[PDB]
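Undergrad: Just query.cif, nothing more (mmCIF, N, CA, C and O atoms):
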```
data_target
loop_
_atom_site.group_PDB
_atom_site.id
_atom_site.type_symbol
_atom_site.label_atom_id
_atom_site.label_comp_id
_atom_site.auth_asym_id
_atom_site.auth_seq_id
_atom_site.Cartn_x
_atom_site.Cartn_y
_atom_site.Cartn_z
ATOM 1 N N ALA A 1 88.276 37.987 168.652
ATOM 2 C CA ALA A 1 86.948 37.923 167.980
ATOM 3 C C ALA A 1 87.038 37.008 166.765
ATOM 4 O O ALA A 1 86.562 37.353 165.683
ATOM 5 N N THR A 2 87.651 35.841 166.952
ATOM 6 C CA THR A 2 87.798 34.910 165.902
ATOM 7 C C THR A 2 87.847 35.632 164.576
ATOM 8 O O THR A 2 88.609 36.583 164.404
ATOM 9 N N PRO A 3 87.052 35.210 163.632
ATOM 10 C CA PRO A 3 86.998 35.841 162.279
ATOM 11 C C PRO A 3 86.493 37.278 162.332
ATOM 12 O O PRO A 3 86.834 38.098 161.479
ATOM 13 N N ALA A 4 85.681 37.579 163.339
ATOM 14 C CA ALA A 4 85.142 38.923 163.492
ATOM 15 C C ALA A 4 86.246 39.880 163.926
ATOM 16 O O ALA A 4 86.125 41.095 163.776
ATOM 17 N N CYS A 5 87.323 39.314 164.464
ATOM 18 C CA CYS A 5 88.452 40.112 164.920
ATOM 19 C C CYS A 5 89.604 40.017 163.924
ATOM 20 O O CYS A 5 90.770 40.101 164.305
ATOM 21 N N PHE A 6 89.271 39.836 162.648
ATOM 22 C CA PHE A 6 90.298 39.726 161.622
ATOM 23 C C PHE A 6 91.164 40.979 161.605
ATOM 24 O O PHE A 6 92.389 40.888 161.607
ATOM 25 N N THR A 7 90.523 42.143 161.593
ATOM 26 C CA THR A 7 91.241 43.357 161.578
ATOM 27 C C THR A 7 91.276 43.958 160.193
ATOM 28 O O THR A 7 91.944 43.462 159.287
ATOM 29 N N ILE A 8 90.538 45.048 160.025
ATOM 30 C CA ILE A 8 90.480 45.725 158.734
ATOM 31 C C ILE A 8 91.847 46.283 158.345
ATOM 32 O O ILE A 8 92.277 46.151 157.200
ATOM 33 N N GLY A 9 92.527 46.907 159.303
ATOM 34 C CA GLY A 9 93.844 47.478 159.039
ATOM 35 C C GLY A 9 94.945 46.566 159.569
ATOM 36 O O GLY A 9 95.666 45.936 158.800
ATOM 37 N N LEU A 10 95.060 46.499 160.892
ATOM 38 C CA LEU A 10 96.067 45.656 161.523
ATOM 39 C C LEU A 10 95.821 44.190 161.194
ATOM 40 O O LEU A 10 96.756 43.428 160.956
ATOM 41 N N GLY A 11 94.555 43.800 161.188
ATOM 42 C CA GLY A 11 94.193 42.423 160.892
ATOM 43 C C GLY A 11 95.145 41.812 159.873
ATOM 44 O O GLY A 11 95.496 40.638 159.967
ATOM 45 N N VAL A 12 95.560 42.613 158.899
ATOM 46 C CA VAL A 12 96.471 42.134 157.866
ATOM 47 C C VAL A 12 97.788 41.685 158.490
ATOM 48 O O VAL A 12 98.330 40.652 158.120
ATOM 49 N N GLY A 13 98.293 42.466 159.441
ATOM 50 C CA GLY A 13 99.543 42.119 160.109
ATOM 51 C C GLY A 13 99.386 40.832 160.917
ATOM 52 O O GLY A 13 100.230 39.941 160.853
ATOM 53 N N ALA A 14 98.303 40.735 161.673
ATOM 54 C CA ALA A 14 98.056 39.543 162.474
ATOM 55 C C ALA A 14 97.760 38.351 161.565
ATOM 56 O O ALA A 14 98.213 37.234 161.818
ATOM 57 N N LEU A 15 96.998 38.606 160.505
ATOM 58 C CA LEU A 15 96.635 37.563 159.549
ATOM 59 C C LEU A 15 97.707 37.415 158.477
ATOM 60 O O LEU A 15 98.401 36.398 158.407
ATOM 61 N N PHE A 16 97.832 38.435 157.639
ATOM 62 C CA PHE A 16 98.814 38.420 156.562
ATOM 63 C C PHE A 16 100.225 38.627 157.101
ATOM 64 O O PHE A 16 101.187 38.118 156.533
ATOM 65 N N UNK A 17 100.344 39.367 158.195
ATOM 66 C CA UNK A 17 101.651 39.621 158.784
ATOM 67 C C UNK A 17 102.143 38.383 159.537
ATOM 68 O O UNK A 17 103.324 38.272 159.866
ATOM 69 N N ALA A 18 101.215 37.469 159.829
ATOM 70 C CA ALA A 18 101.545 36.252 160.570
ATOM 71 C C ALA A 18 102.445 35.303 159.773
ATOM 72 O O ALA A 18 103.377 34.721 160.329
ATOM 73 N N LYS A 19 102.177 35.144 158.479
ATOM 74 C CA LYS A 19 102.993 34.259 157.653
ATOM 75 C C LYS A 19 103.925 35.080 156.781
ATOM 76 O O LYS A 19 105.061 34.696 156.507
ATOM 77 N N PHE A 20 103.413 36.220 156.357
ATOM 78 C CA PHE A 20 104.148 37.142 155.518
ATOM 79 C C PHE A 20 104.729 38.249 156.373
ATOM 80 O O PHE A 20 104.538 38.262 157.585
ATOM 81 N N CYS A 21 105.443 39.160 155.737
ATOM 82 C CA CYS A 21 106.054 40.286 156.441
ATOM 83 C C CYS A 21 106.909 39.793 157.604
ATOM 84 O O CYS A 21 106.363 39.158 158.493
#
```
Show me the file's structure as structure tokens.
TA:
Amino acid sequence: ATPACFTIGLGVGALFXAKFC
């Protein structure tokens, strides 16, 4: 879901977890 599929909880892992963590 492009930006709509950012993820309120996990989204961080996919988004923030993608470069970080």
Undergrad: Using Å and a single decimal, report how far atom C of residue A:2 sits from atom N of residue A:15.
TA: 10.4 Å
Undergrad: From chain A, collect each residue whose DSSP state is alpha helix (DSSP H) and return the set as a count of residues only.
TA: 9
Undergrad: Measure the distance from atom C of residue A:6 to atom C of residue A:18 in Å and round it to one decimal.
TA: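 Those two atoms sit 12.8 Å apart.
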Undergrad: Could you tell me how far atom N of residue A:19 lies from atom N of residue A:7, in Å and to one decimal?
TA: 13.9 Å
Undergrad: Could you give me the axis-aligned bounding box of stretch 1-20 of chain A, with 6 Å of padding per side, as centre plus edge lengths in Å to one decimal, as AutoDock Vina command-line options?
TA:
```
--center_x 95.1 --center_y 40.9 --center_z 162.1 --size_x 31.9 --size_y 25.2 --size_z 25.1
```
